[PDB]
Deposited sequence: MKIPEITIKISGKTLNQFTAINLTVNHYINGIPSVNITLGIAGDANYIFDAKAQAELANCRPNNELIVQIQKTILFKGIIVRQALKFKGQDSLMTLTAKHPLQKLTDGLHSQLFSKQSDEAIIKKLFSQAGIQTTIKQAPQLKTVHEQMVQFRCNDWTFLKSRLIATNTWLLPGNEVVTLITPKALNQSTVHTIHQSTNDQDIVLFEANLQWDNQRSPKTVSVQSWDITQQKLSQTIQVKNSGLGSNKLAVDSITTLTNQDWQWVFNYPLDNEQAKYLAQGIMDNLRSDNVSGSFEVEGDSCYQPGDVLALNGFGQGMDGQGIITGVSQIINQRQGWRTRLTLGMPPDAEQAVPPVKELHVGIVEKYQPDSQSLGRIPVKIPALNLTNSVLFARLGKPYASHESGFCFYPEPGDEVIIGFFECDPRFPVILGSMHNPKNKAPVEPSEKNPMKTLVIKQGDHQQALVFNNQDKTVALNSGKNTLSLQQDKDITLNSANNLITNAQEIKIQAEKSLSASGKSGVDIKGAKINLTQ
């Protein structure tokens, strides 16, 4: 066992000695370290001044580094400090985590417009101050018209995007790497031989497991095509491509030949659906082959490496991706390293509610779907807007109730598939700032459809009180009253044009004019 150094906030401890140590690294996880400390040889009392001063310096948020020679086993910040007292015996335990832990803090909502997944992910890491690289993941270059994070922390949002874009996260101590899962088969290989010489890898305890309780034969992804009004082309995924030989996850025979089908209610292009389908398949098939191998401690092992079993027979030979590396340090067993195969199963965090919205100023729709720009107070606080479809009481080809809301109107916002990226307007409501032309009343006599912008007023009015239905544009009006006359009042001229006119009265016709009645024509035949 080589020299172990532990530097807390830049300095090594003087009163406490590290008793036990364990470091964990995993794919799609936040690496952690557990250190057990104590005072050795009765050098100092636990409640003395020096011991307590050291105690206050090990509090959470302090930086912790575990290093062997130059190699850095772990770098992070302390999140948990615990003490145990039992009689005269005392013990201190420290828990520290990777700087990726900072992505779990916070709860907010924000919107990303016309940004790619690479741009969004790089922004999230920069807030936490984490360097990142992308390897063999061209799928992150696609641009999203609107991407919404709703009432969740950055870690949950990132994990959703990794599964949707079929990407895995390798948490390096200095650089975090995003890579396609299938590209990891070409990484460096550590081989274990059954018939071995004296300088190979020593294997102490091993575990292997083949399972098929969560292995789908195929995954089908289908989406609703708004432009074509049809379901898009179905996309099928039949393999994962992880591992090889008897350790390949694809060598497991499934329970049934059934298909797992997703039929989304929102548009989704073919390229994104293929990546989503592959991500779903890899999520379920990751743990078909799993196990743990315990070998002599060494710092060259990293998650994402390939572990190969050679010479163990036809039932065990193969290769697999190391999804996790654990280092263990204690007096009884020295330095030991544990390698893990497989991964337990895990698109956008969902809304569940109905939201209010304000119709924004007119903007042209990029996709020409006729959507309306709205601002949702909950989903964002910036100046960017969302495009939402409009629901109408009646709508068909070249017909319908087309009354587009004005800017500043208050609307009810619903979402398709509870996805914040696909809002829909279900109706508009009146508020003390947009007064309703008619207030609710005991008798509810008047129903109408008004348009009044300033002094202009065009309306169609149904009145139960006097049994009338009327059309009026300002002062000009046309009224029809039950059990009464049809009244046609105009504040200006009255022009009627037709090929033929047949005015007939059962009692009398009484024309009039205060300054003349001019009856033109070519044959005025009275009778």
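Missing CA coverage against the deposited sequence, listed in sequence order. Counting from residue 1, the stretches without coordinates are 1-2, 349-351, 533.
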